[PDB]
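Student: Handing you a structure now.
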Amino acid sequence: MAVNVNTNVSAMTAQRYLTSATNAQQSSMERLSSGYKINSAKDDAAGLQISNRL
Amino acid sequence: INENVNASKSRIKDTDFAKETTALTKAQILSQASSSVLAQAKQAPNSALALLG
């Protein structure tokens with residue numbers, strides 16, 4: 001037991017994985033509805049150029 | 001091979017919940033006992049001094 005309350009590194013690490021996990025999940029629920037796996041250039045820039053040309 | 005390397009990408013990098021959670025609970029219980037054991041040791045010096053005013 002290590003007593004400490006001014007900081008909680010366990011919560012901070014858990015939050016860091018929390019943010020990353022459902023950031024990608026937030027990228028979901030939109031590909032499903034739109035039916036496209038490419039919606040923004042930030043996802044696949046090379047894919048956007050060729051897809052628009054096609 | 002993609003399926004096989006993903007299968008190998010588990011128990012190597014991916015964690016399991018069966019054996020690791022009982023280790024988490026064992027560690028948490030151990031921390032509970034470790035925090036409680038000093039609660040029964042802080043008064044020991046006080047009781048030792050109590051023989052004389």
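Order determines the names: the first chain of the structure tokens is A, the second B, and so forth; residues in each chain are numbered 1 upward, and ligands are numbered 1 upward as they are shown.
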Pull out every residue of chain B that has at least one atom within 8 Å of chain A, counting only C-alpha atoms, and report them as a PyMOL selection string.
Tutor: chain B and resi 31-32+34-35
Student: I need the residues from that last selection saved to file as a PDB file, in the first residue's frame (with C-alpha atoms), if you can.
Tutor:
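The resulting file, part-v2.pdb, is reproduced below:
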```pdb
ATOM      1  CA  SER B  31      -2.969  -4.359  -0.501  1.00  0.00           C
ATOM      2  CA  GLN B  32      -6.012  -4.347   1.788  1.00  0.00           C
ATOM      3  CA  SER B  34      -1.012  -4.669   3.921  1.00  0.00           C
ATOM      4  CA  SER B  35      -2.809  -1.405   4.703  1.00  0.00           C
TER       5      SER B  35
END
```
Student: Step one, run DSSP on the backbone; step two, keep only residues of chain B assigned to helix (DSSP H, G or I); then write them as a VMD selection string.
Tutor: chain B and resid 2 to 8 18 to 39 43 to 49
Student: Got time to write the residues from that selection, C-alpha atoms, as a PDB file, in the first residue's frame?
Tutor:
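again.pdb, freshly written:
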```pdb
ATOM      1  CA  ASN B   2      -3.054 -13.036 -41.576  1.00  0.00           C
ATOM      2  CA  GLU B   3      -5.309 -15.193 -39.404  1.00  0.00           C
ATOM      3  CA  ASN B   4      -2.324 -17.125 -38.045  1.00  0.00           C
ATOM      4  CA  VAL B   5      -0.259 -14.045 -37.170  1.00  0.00           C
ATOM      5  CA  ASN B   6      -3.312 -12.515 -35.484  1.00  0.00           C
ATOM      6  CA  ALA B   7      -3.744 -15.740 -33.514  1.00  0.00           C
ATOM      7  CA  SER B   8      -0.078 -15.481 -32.545  1.00  0.00           C
ATOM      8  CA  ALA B  18      -9.239 -15.285 -16.602  1.00  0.00           C
ATOM      9  CA  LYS B  19      -5.872 -15.576 -14.865  1.00  0.00           C
ATOM     10  CA  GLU B  20      -5.001 -11.875 -14.783  1.00  0.00           C
ATOM     11  CA  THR B  21      -8.129 -10.730 -12.936  1.00  0.00           C
ATOM     12  CA  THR B  22      -7.623 -13.167 -10.056  1.00  0.00           C
ATOM     13  CA  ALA B  23      -4.102 -11.737  -9.899  1.00  0.00           C
ATOM     14  CA  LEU B  24      -5.589  -8.235  -9.740  1.00  0.00           C
ATOM     15  CA  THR B  25      -8.023  -9.263  -6.999  1.00  0.00           C
ATOM     16  CA  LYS B  26      -5.267 -11.126  -5.147  1.00  0.00           C
ATOM     17  CA  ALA B  27      -3.078  -8.020  -5.341  1.00  0.00           C
ATOM     18  CA  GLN B  28      -5.968  -5.797  -4.233  1.00  0.00           C
ATOM     19  CA  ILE B  29      -6.729  -8.086  -1.286  1.00  0.00           C
ATOM     20  CA  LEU B  30      -3.011  -8.165  -0.478  1.00  0.00           C
ATOM     21  CA  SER B  31      -2.969  -4.359  -0.501  1.00  0.00           C
ATOM     22  CA  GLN B  32      -6.012  -4.347   1.788  1.00  0.00           C
ATOM     23  CA  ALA B  33      -4.243  -6.657   4.241  1.00  0.00           C
ATOM     24  CA  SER B  34      -1.012  -4.669   3.921  1.00  0.00           C
ATOM     25  CA  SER B  35      -2.809  -1.405   4.703  1.00  0.00           C
ATOM     26  CA  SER B  36      -4.623  -3.044   7.624  1.00  0.00           C
ATOM     27  CA  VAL B  37      -1.503  -4.625   9.141  1.00  0.00           C
ATOM     28  CA  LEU B  38       0.015  -1.217   9.924  1.00  0.00           C
ATOM     29  CA  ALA B  39      -3.264  -0.198  11.575  1.00  0.00           C
ATOM     30  CA  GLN B  43      -0.332   1.429  18.475  1.00  0.00           C
ATOM     31  CA  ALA B  44       2.387  -1.105  19.342  1.00  0.00           C
ATOM     32  CA  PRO B  45       5.027   1.590  20.083  1.00  0.00           C
ATOM     33  CA  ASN B  46       2.383   3.538  22.017  1.00  0.00           C
ATOM     34  CA  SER B  47       1.526   0.497  24.137  1.00  0.00           C
ATOM     35  CA  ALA B  48       5.244  -0.145  24.638  1.00  0.00           C
ATOM     36  CA  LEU B  49       5.664   3.386  26.006  1.00  0.00           C
TER      37      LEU B  49
END
```
Student: Within 9 Å of stretch 33-39 of chain A, counting only C-alpha atoms, which residues show up once you throw out same-chain ones fewer than 5 positions away? Write them as number ranges by chain, please.
Tutor: A: 28, 44, 47-48, 51
Student: Emit the selected residues as an mmCIF file, in the first residue's frame, including N, CA and C atoms.
Tutor:
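Full text of again_38.cif as output:
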```
data_model
loop_
_atom_site.group_PDB
_atom_site.id
_atom_site.type_symbol
_atom_site.label_atom_id
_atom_site.label_comp_id
_atom_site.auth_asym_id
_atom_site.auth_seq_id
_atom_site.Cartn_x
_atom_site.Cartn_y
_atom_site.Cartn_z
ATOM 1 N N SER A 28 -16.250 4.689 -35.844
ATOM 2 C CA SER A 28 -17.343 3.794 -36.192
ATOM 3 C C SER A 28 -18.664 4.510 -35.912
ATOM 4 N N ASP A 44 -7.794 8.166 -44.869
ATOM 5 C CA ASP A 44 -6.890 7.618 -45.882
ATOM 6 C C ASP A 44 -6.810 8.629 -47.020
ATOM 7 N N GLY A 47 -6.496 6.997 -50.439
ATOM 8 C CA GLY A 47 -7.753 6.397 -50.848
ATOM 9 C C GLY A 47 -8.765 7.407 -51.344
ATOM 10 N N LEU A 48 -8.778 8.604 -50.755
ATOM 11 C CA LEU A 48 -9.743 9.619 -51.167
ATOM 12 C C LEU A 48 -9.502 10.068 -52.603
ATOM 13 N N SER A 51 -10.519 7.216 -54.999
ATOM 14 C CA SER A 51 -11.955 6.967 -54.936
ATOM 15 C C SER A 51 -12.742 8.048 -55.668
#
```
Student: Grab the atom CA of residue A:43 to atom CA of residue A:20 distance for me, in Å with one decimal place.
Tutor: 15.3 Å
